[PDB]
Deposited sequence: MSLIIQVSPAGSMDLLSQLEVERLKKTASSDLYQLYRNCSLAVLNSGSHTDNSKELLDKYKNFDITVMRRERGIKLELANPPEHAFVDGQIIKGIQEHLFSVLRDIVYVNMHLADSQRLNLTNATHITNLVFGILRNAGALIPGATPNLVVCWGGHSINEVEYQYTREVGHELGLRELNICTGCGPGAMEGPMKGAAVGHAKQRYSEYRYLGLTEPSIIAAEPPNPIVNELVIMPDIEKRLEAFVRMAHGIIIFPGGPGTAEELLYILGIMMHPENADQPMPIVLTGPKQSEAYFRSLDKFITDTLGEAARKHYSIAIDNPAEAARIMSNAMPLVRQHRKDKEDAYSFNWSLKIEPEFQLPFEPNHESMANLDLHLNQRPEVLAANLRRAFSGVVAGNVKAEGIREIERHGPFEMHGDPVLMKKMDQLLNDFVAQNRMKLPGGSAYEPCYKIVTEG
């Protein structure tokens, strides 16, 4: 085989044998297969079953031996540096997560420790991080619009925190690269968060300069909202629904009523119908109270970014008022309903409680779980495989809710978002 050796890139710390011993290609540990599949997914921005990776503890730290790596990670026979660093980010995070399996508090403290360990939480930094959410499968006008928003974020020296993969997860950073270079903002941060079961489907771009691999969707979602100083939401499908519900259920909590921090739904003029309908689904379900937590801004990349930028002062002053950190919103209340890992199967979906009856937060947590199940069914290994052994996932409850959930899901199919 072709052995490509990769030397340590952007500052990985030294590791002990103990830390790397579960990644040896042996028994399974199942840890090796998980480490392998993440690393292949990163080299990849049945197809590659003869790919392998070996971790070697050497004089300047770990060197990676790649056996039969994807040939498009290469530029003129070299591995793009961005992709190098990503391979080391995957090693760092699988390792930390592994030394730290040993409750709400546990989870939030874990999410903190992972992000601090990845260098994602910068001590003296002042608020400027915008989470951007949006669909992986979007047409050209939609894509160009996310590029322009990211350009307008760059011009204002804002940083981007986003998921990984194509579509809306990739437009903003490319726009930002140009907006940033116009402002000479060389300290830009492009954070892509992923988790092992979605990374193959939605692989990170090399332009991402801070890849962090969370252990599951729930913890990644927690990461996103604890770090966000502002959120921009583009049109998307089920995964983007999930995210919106996640944040609205949290922001409707009575204890979060003072959390400044804007949410801006934005998209180009053609996504007007998309937005009237999503906005209606929201207010037809969680209800009217929810409208106050986001705004809609169509056809104006600059107004989007400007709303993030102008909020940074309020965010910052709010964290001083709680005596909270800038980088991690510890005082945000996130109830266990939003943390509980959801494993989607026919029983767990069918056990979802979907009633207009409930307090809007608890209703939002259930729907979050609902959307997450549609995603898992669509893109994840185990989720797809349950939709093969048993056909589609089934859900029920309130007839009023089921009608509209159903409607939104059909719009997503109709609009090619699935």
In sequence order, name the stretches of the deposited sequence that have no C-alpha in these coordinates.
-> 1, 47 to 57, 115 to 122, 439 to 456
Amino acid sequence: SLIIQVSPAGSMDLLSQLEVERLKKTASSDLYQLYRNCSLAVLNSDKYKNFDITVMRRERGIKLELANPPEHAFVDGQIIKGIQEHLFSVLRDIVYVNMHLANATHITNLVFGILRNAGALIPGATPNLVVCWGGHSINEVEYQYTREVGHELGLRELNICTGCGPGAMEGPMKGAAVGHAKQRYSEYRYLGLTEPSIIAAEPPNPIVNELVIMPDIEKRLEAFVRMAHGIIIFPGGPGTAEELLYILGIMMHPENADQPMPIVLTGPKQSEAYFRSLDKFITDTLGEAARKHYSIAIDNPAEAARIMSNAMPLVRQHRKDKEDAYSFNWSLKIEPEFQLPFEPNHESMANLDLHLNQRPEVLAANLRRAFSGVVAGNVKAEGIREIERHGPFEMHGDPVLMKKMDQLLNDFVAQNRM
From here on, numbers count along this sequence of modelled residues.
Higher-scoring stretch by recorded Cα B factor average, 73 to 81 or 244 to 252 | 73 to 81
Can you let me know which of the two, 322 to 330 or 113 to 121, has the higher average C-alpha B-factor in the entry?
-> 322 to 330
Would you mind finding, among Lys269, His229, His346, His151, the residue with the largest C-alpha temperature factor in the entry?
-> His346
When the entry's CA B-factors for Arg369, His355, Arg58, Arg36 are compared, the highest one belongs to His355
Of the three thirds of its chain by CA temperature factor, lowest, middle or highest, which one includes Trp133?
-> lowest
Assigned third (lowest, middle, highest) for the C-alpha B factor of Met402 | highest
Here the Cα B-factor of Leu87, set against its chain, lands in the third termed lowest
Would you check the entry's CA temperature factor for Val264 and let me know if it's in the chain's lowest, middle or highest third?
-> lowest
Sort the modelled residues of this chain by their C-alpha B factor and say whether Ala102 lands in the lowest, middle or highest third.
-> highest
